[PDB]
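Worksheet: the structure to be examined is printed underneath.
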Amino acid sequence: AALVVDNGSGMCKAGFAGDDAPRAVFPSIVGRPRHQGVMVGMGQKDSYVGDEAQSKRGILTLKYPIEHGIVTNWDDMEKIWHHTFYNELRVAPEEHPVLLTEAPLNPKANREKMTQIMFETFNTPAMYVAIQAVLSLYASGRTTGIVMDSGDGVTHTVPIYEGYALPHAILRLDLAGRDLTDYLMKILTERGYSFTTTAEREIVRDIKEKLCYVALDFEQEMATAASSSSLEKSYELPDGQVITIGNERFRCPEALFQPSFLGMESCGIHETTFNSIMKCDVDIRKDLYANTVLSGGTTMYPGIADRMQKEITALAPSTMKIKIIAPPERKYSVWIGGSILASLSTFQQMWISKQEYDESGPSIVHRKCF
Amino acid sequence: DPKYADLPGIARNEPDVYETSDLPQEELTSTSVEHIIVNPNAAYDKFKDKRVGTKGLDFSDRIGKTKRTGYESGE
Amino acid sequence: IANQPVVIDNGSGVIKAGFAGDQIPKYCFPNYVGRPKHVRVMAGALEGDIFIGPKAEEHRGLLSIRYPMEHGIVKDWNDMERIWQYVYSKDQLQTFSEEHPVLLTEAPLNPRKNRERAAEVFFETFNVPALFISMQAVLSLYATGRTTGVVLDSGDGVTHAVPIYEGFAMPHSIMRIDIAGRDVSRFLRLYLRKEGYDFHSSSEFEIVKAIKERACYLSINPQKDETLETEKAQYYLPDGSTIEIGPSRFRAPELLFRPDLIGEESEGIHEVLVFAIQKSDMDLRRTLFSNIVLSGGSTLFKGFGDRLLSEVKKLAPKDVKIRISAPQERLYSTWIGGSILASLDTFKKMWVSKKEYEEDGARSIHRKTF
Amino acid sequence: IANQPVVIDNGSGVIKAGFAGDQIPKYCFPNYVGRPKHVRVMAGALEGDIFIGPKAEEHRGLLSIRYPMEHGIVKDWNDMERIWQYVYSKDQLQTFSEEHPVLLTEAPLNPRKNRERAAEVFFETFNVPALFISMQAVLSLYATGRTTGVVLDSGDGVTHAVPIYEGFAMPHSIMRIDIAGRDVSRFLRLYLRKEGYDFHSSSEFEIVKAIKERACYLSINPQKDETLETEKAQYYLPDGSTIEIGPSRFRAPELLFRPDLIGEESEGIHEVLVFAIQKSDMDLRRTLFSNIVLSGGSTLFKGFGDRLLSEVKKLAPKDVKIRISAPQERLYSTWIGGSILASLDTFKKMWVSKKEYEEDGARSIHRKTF
Ligand SMILES: Nc1ncnc2c1ncn2[C@@H]1O[C@H](COP(=O)(O)OP(=O)(O)OP(=O)(O)O)[C@@H](O)[C@H]1O
Ligand SMILES: Nc1ncnc2c1ncn2[C@@H]1O[C@H](COP(=O)(O)OP(=O)(O)O)[C@@H](O)[C@H]1O
Ligand SMILES: Nc1ncnc2c1ncn2[C@@H]1O[C@H](COP(=O)(O)OP(=O)(O)O)[C@@H](O)[C@H]1O
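Residue numbers (PDB author numbering), protein chains in the order written: chain H, 6 to 375; chain b, 3 to 26, 37 to 87; chain G, 7 to 376; chain I, 7 to 376.
Here it is in structure tokens:
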């Protein structure tokens with residue numbers, strides 16, 4: 006009936022309406038191998054993608070096809086697309102309307118180009134693209150709630166009230182764990198470890214997710230670490246090397262609270278979210294403390310909820326009862342919300358068909374996508 | 003020869019400056045608002061000897077009389 | 007006397023100072039604080055960290071902008087202390103506060119606490135012999151010579167209209183709303199956000215300011231010119247960049263009349279102006295159309311007044327006579343009128359005797375001032 | 007003691023030293039490791055063949071030379087012990103560790119363990135009364151006299167670009183890739199490997215170094231020059247090896263600007279360079295593009311500056327011309343800067359007293375490292 010395809014600069018998923026588990030799950034990164042000059046036989050694919058590239062990661066360099074929403078090449082993106090379709094479902098696009106997502110700050114020409122090629126290349130019957138946060142609170146069970154996206158390269162605070170919201174109220178900083186990966190990789194380089202290719206990035210993001218827990222005050226934690234190095238846990242890589250880090254682990258996500266680690270002339274996630282709350286009604290802000298909804302794939306780290314809670318606790322008065330909604334499945338929940346969205350017939354009455362672009366052109370993209 | 007044979011590792015012949023080449037409102041149509049040609053002495057003679065007197069110069073939000081208007085004594 | 011009265015022209019965006027009789031602009035400067043940005047140990051560098059002036063408007067990526075002044079209201083008075091010390095500079099003042107009389111500007115309807123704190127500095131930390139502060143509107147009117155007057159102006163953050171005649175203040179008739187150029191910059195940035203151009207830094211902010219007072223004009227037709235097809239010729243930027251014209255440049259000041267698009271509700275500058283006219287009397291209203299006011303340096307636009315006059319046509323009845331200038335310096339005008347004001351005979355009674363400030367202070371000034 | 011302090015310098019390929027007042031480092035001693043080629047049949051010989059200058063020119067039979075600090079990355083220290091020990095020996099400066107304070111620099115992006123080991127030597131084994139560790143490019147700036155400017159230089163096996171205004175530099179804006187001349191030598195011999203010649207040990211490496219700095223140049227049009235025709239001039243070794251070279255005599259920019267064509271993962275000096283410049287303030291960036299401190303002890307080839315200019319033209323915001331800076335010799339500028347450094351008030355506030363080292367050590371090393 007539909008064609009549900011969750012997206013992401015990393016995590017790109019797919020399936021259909023009513024499906025609970027995304028059929029397609031893979032890193033949406035573009036792998037480019039070491040094409041050298043000497044001869045060779047029996048060939049290979051021009052450029053393997055994600056899982057295809059991860060399979061032979063030793064040559065394949067999974068560079069980023071998108072950059073906080075800045076898609077580098079549409080062609081490569083389509084190669085990802087086409088192969089993913091004819092990799093996972095192997096179904097033609099003329100079957101059902103497609104379902105895709107996006108986020109703001111994007112120049113309208115990108116989403117226009119996107120949908121334009123989506124009709125060009127695929128000739129789908131209808132189609133649709135939305136905002137991840139909508140599916141987030143949509144799958145949560147509220148029409149009034151503030152959430153924040155922390156993907157691989159995105160961050161955005163969305164406050165909603167009975168479905169209503171304001172773009173002025175919705176704030177955004179497209180910065181995420183990829184930056185942390187850079188920071189972590191270079192500080193471990195300072196510790197004495199080599200990091201050149203993209204595989205370095207893969208291993209460090211791996212162990213990064215494996216160790217970015219959240220403590221409270223790095224001063225006393227640092228004091229205890231220097232006092233007792235028992236927290237400095239060891240880990241042996243696929244290669245014989247075994248690193249020992251304790252501070253590094255949890256202090257790497259502290260940059261989310263402090264741009265000082267990178268010197269970004271910015272604000273902390275908590276106070277940024279606080280200002281998002283500040284752009285509201287005195288009554289609904291209380292509901293934001295009640296509807297303290299959390300999302301983002303880079304929020305699968307234990308401790309930060311209590312941190313952010315304590316932050317705003319120090320910010321907001323005592324009467325502001327904090328009620329953090331912390332789903333540990335928010336990553337996949339957007340795709341799931343897309344399926345649920347694909348289940349409500351009225352929404353499936355609302356569409357973006359062929360003739361709309363064929364005649365109307367891309368202005369209906371501005372007034373119809375959302 | 004300050005240090006030619008002495009030290010063969012000091013810069014010279016460097017044009018580190020990075021050159022180039024010599025290759026170099038009043039919409040009064042409207043009828044919106046006027047201006048006045050400044051002449052501080054003309055306006056100075058305009059407000060020449062206004063002996064304004066401030067008897068009971070009180071402009072508080074006090075409520076005890078009828079009204080309050082200072083800067084009222086003249087010649 | 008050698009103790010020439012120190013005129014101080016403090017506004018939101020534009021900020022200056024002066025003296026009596028010395029007609030000509032003394033020293034122009036912006037309204038913020040310049041903090042350092044990076045470190046080193048190497049010699050050959052300037053220190054002090056409180057940098058204002060050529061080095062501030064030269065080393066933008068080395069100094070951050072601090073605006074404690076919020077719509078003419080400063081929160082961190084110590085910043086003003088540093089600012090005033092920069093004024094006290096013998097490259098700026100060459101004199102002492104305690105040796106000369108002082109006059110100063112102020113937008114009305116501001117809280118008394120600001121004035122209190124200000125006078126605390128102005129007398130306690132600096133035993134100034136004479137000081138009086140007033141409304142810039144009054145100074146402007148003194149610069150004009152009309153006993154009449156409905157001062158309509160805006161700095162970089164406050165819209166305001168002052169209806170008066172022969173100095174007669176009808177506070178119920180006078181109005182103001184804190185909005186001007188700061189949001190123009192913000193909205194400019196908003197269009198940049200719409201087209202992917204993040205310019206958030208303090209340096210980036212001044213770049214946007216250059217765009218503001220650089221890439222701007224208007225159009226008397228909002229949607230008649232908005233729904234058309236643009237050209238968007240690019241323009242060379244101070245980096246080496248070149249970006250399009252954008253219809254948005256003239257679309258931005260329409261937000262002053264359609265703030266609901268930015269979200270907050272207001273009425274319309276000219277509309278509140280008309281409301282003031284409505285609060286006046288029939289006879290005086292004719293004079294109100296006769297007595298129009300060219301004020302606010304933000305107003306510098308092509309066909310600006312044309313569009314506003316058209317709005318007047320849409321509002322006022324017939325027999326409306328309004329005319330135009332050949333303005334010289336709308337900005338300095340106020341300060342100039344204040345300088346002439348400072349050069350007056352009976353003007354001596356207008357100050358505040360510091361001894362009385364020692365005795366009672368603020369409250370006495372509040373009742374003595376308007 | 008108030009004697010002239012020892013100013014030791016460094017270098018991956020050429021390491022220097024001196025005193026605060028020397029105008030010339032008395033020894034242009036390279037950075038290497040003298041060793042035996044085979045097990046010396048008879049005991050009691052030149053232990054480890056610790057040879058310097060003429061001692062290295064003495065014999066060649068059982069003499070295998072290496073590097074104790076590969077491309078700046080030092081691994082072992084026994085070689086360093088003997089090297090420094092030889093300098094301490096009364097054949098270099100005929101002084102002691104205690105007799106004079108010691109100034110020294112360090113290459114960035116290194117683990118603290120290197121600093122630990124070095125200070126352990128300098129205070130435990132030898133006894134420096136007051137030591138110091140600094141950078142290199144800073145000293146080069148002092149030699150050039152500039153305190154600002156986009157600093158750029160490249161050692162024997164280390165390349166680095168640092169944007170600087172008054173010494174200030176952001177660590178994020180600081181870039182460095184440690185790959186230079188040593189691998190160029192490795193590739194020169196690899197060129198001759200394709201040409202079929204003698205390949206057995208470090209002796210040929212020395213030969214190739216003499217070629218690299220002597221019988222080698224750099225052209226500007228590798229495609230043209232590759233398609234051109236020469237007769238390939240030769241050289242004469244102690245054997246008189248009349249060997250022809252050709253394009254391989256100047257195939258180095260395919261290592262400098264295009265090393266990735268050797269199936270490698272890098273970028274190009276100019277790329278990383280411009281990126282680091284782009285990390286700065288756009289307008290300050292533009293200003294500093296007129297003053298880009300160019301240096302490099304290995305970048306000693308004609309026409310390569312023009313190749314860099316071509317990179318500039320492909321990357322500069324066109325018509326903002328940036329011509330060629332052609333500093334021929336770049337070695338002692340750091341040594342000169344260190345001599346001027348210790349010759350001033352600098353070291354008095356910048357020393358590392360042995361006592362404080364005894365009290366803390368690494369704690370003091372890093373609390374005073376900046
Ligand atoms: N299981 C996990 N534990 C910890 N962190 C995770 C986990 N899964 C993903 N992340 C973080 O999320 C980022 C990976 O991308 P993510 O899973 O958020 O999907 P995505 O591609 O970001 O979706 P979008 O691009 O639409 O936001 C990385 O920064 C990573 O640190
Ligand atoms: N050409 C222009 N376009 C837009 N805004 C301008 C222009 N010239 C000046 N301005 C703004 O107008 C304001 C001047 O208003 P003014 O009446 O001087 O009040 P203030 O003294 O509070 O700034 C300044 O804030 C300045 O930024
Ligand atoms: N003419 C030349 N061509 C190429 N490389 C050279 C030339 N002369 C010297 N070099 C290399 O450059 C290095 C000098 O760079 P420098 O900044 O002194 O680094 P280091 O201090 O590590 O030697 C020398 O070690 C040498 O190997």
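The beta-carbon is built from N, C-alpha and C at its ideal position, and this holds for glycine as well.
- In chain order, the residues that have a beta carbon nearer than 5 Å to some heavy atom of ligand 3 are I/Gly17, I/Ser18, I/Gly19, I/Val20, I/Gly161, I/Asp162, I/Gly187, I/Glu219, I/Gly303, I/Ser304, I/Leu306, I/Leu337.
- Between the alpha carbons of G/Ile213 and I/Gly27 lies a gap of roughly 48 Å.
- When beta bridges are read from the DSSP output, b/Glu84 appears opposite no residue.
- Taking all protein chains in view, the Cβ of G/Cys34 is surrounded by fewer than 16 other Cβ atoms within 10 Å, so the residue is classified as exposed.
- G/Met48 has a beta carbon lying within less than 8 Å of a beta carbon in chain I.
- Taking 9 Å as the Cβ-Cβ cut-off, the segment 101-116 of chain I approaches chain H at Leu115, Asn116, given in chain order.
- Only exposed fits b/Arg14, as fewer than 16 other CB atoms lie within 10 angstroms of its CB.
- At a cut-off of 7 Å, the beta-carbon of b/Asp61 does not count as near ligand 2: no heavy atom of the ligand is closer than that.
- Apart from sequence neighbours up to five positions away, the residues of its chain that approach I/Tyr197 with a beta-carbon distance below 8 Å are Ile251, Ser254, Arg257, ordered along the chain.
- At a cut-off of 8 Å between beta carbons, I/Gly269 contacts chain H.
- Between G/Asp85 and G/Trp341, the CB-CB gap reaches or exceeds 8 Å.
- Residues of the segment 288-306 of chain I with a C-beta atom less than 9 Å from some C-beta of chain G are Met288, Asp289, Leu290, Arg291, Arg292, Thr293, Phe295, listed in chain order.
- Contact annotation, I/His106 with I/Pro31: C-beta distance approximately 15 Å; criterion of less than 8 Å not satisfied.
- When distances are taken from the beta-carbon of G/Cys222 to the heavy atoms of ligand 2, the shortest one is below 7 Å.
- The three-state secondary structure of H/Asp179, taken from DSSP, is coil.
- Contact between H/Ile75 and H/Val54 is ruled out by a C-beta separation of about 18 Å, above the 8 Å threshold.
- The straight-line gap separating the alpha-carbon atoms of H/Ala174 and I/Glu122 is approximately 52 Å.
- At a threshold of 7 Å, H/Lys336 counts as near ligand 1, since its beta carbon sits closer than that to one of the ligand's heavy atoms.
- Sequence-distant partners of I/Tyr148 (beyond 5 residues in either direction) whose C-beta falls short of 8 Å from its own C-beta, in its chain, are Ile342, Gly343, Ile346, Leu347.
- For G/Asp159, the distance from the CB to the nearest heavy atom of ligand 2 is below 7 Å.
- For a Cβ distance threshold of 8 Å, nothing in chain G lies close to I/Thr248: the least Cβ distance comes to about 51 Å.
- By the Cβ-count criterion, H/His275 is buried, with 16 or more other Cβ atoms from all chains shown falling within 10 Å of its own Cβ.
- Proximity of chain I to G/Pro244 at the Cβ level (cut-off 9 Å) is accounted for by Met288, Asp289, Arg292, in chain order.
- Look at I/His372: its C-beta is not under 8 Å from any C-beta on chain H.
- Within 7 Å of the CB of I/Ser331, the CB atoms of chain b belong to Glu16, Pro17, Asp18, in sequence order along the chain.
- Between I/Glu277 and H/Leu299, the alpha-carbon positions lie close to 40 Å from each other.
- Between the alpha carbons of I/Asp312 and I/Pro259 lies a distance of about 12 Å.
- Counting only residues of its own chain and dropping the five nearest sequence neighbours on each side, G/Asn9 has a CB closer than 8 Å to the CB of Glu105, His106, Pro107, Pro135.
- Ligand 2 never approaches G/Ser345 closely enough for any of its heavy atoms to be under 7 Å from the residue's Cβ.
- Chain order gives the chain I residues near b/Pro10 as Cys34, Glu335, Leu337, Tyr338, where near means a beta carbon separation below 9 Å.
- The C-beta of H/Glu253 has 16 or more other C-beta atoms within 10 Å across all chains shown, which makes the residue buried.
- Distances between the C-beta of G/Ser301 and the heavy atoms of ligand 2 include at least one below 7 Å.
- No Cβ of chain b is located within less than 8 Å of the beta carbon of G/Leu198.
- In this structure, ligand 1 has no non-hydrogen atom nearer than 7 Å to the beta-carbon of H/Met190.
- Residue nearest to b/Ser23 within the set I/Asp325, I/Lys374, I/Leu350, I/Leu337 is I/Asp325 (criterion: CA-CA distance).
- Annotation for I/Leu315: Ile330 place their beta carbon closer than 6 Å to its own, counting only its chain and skipping 5 residues before and after.
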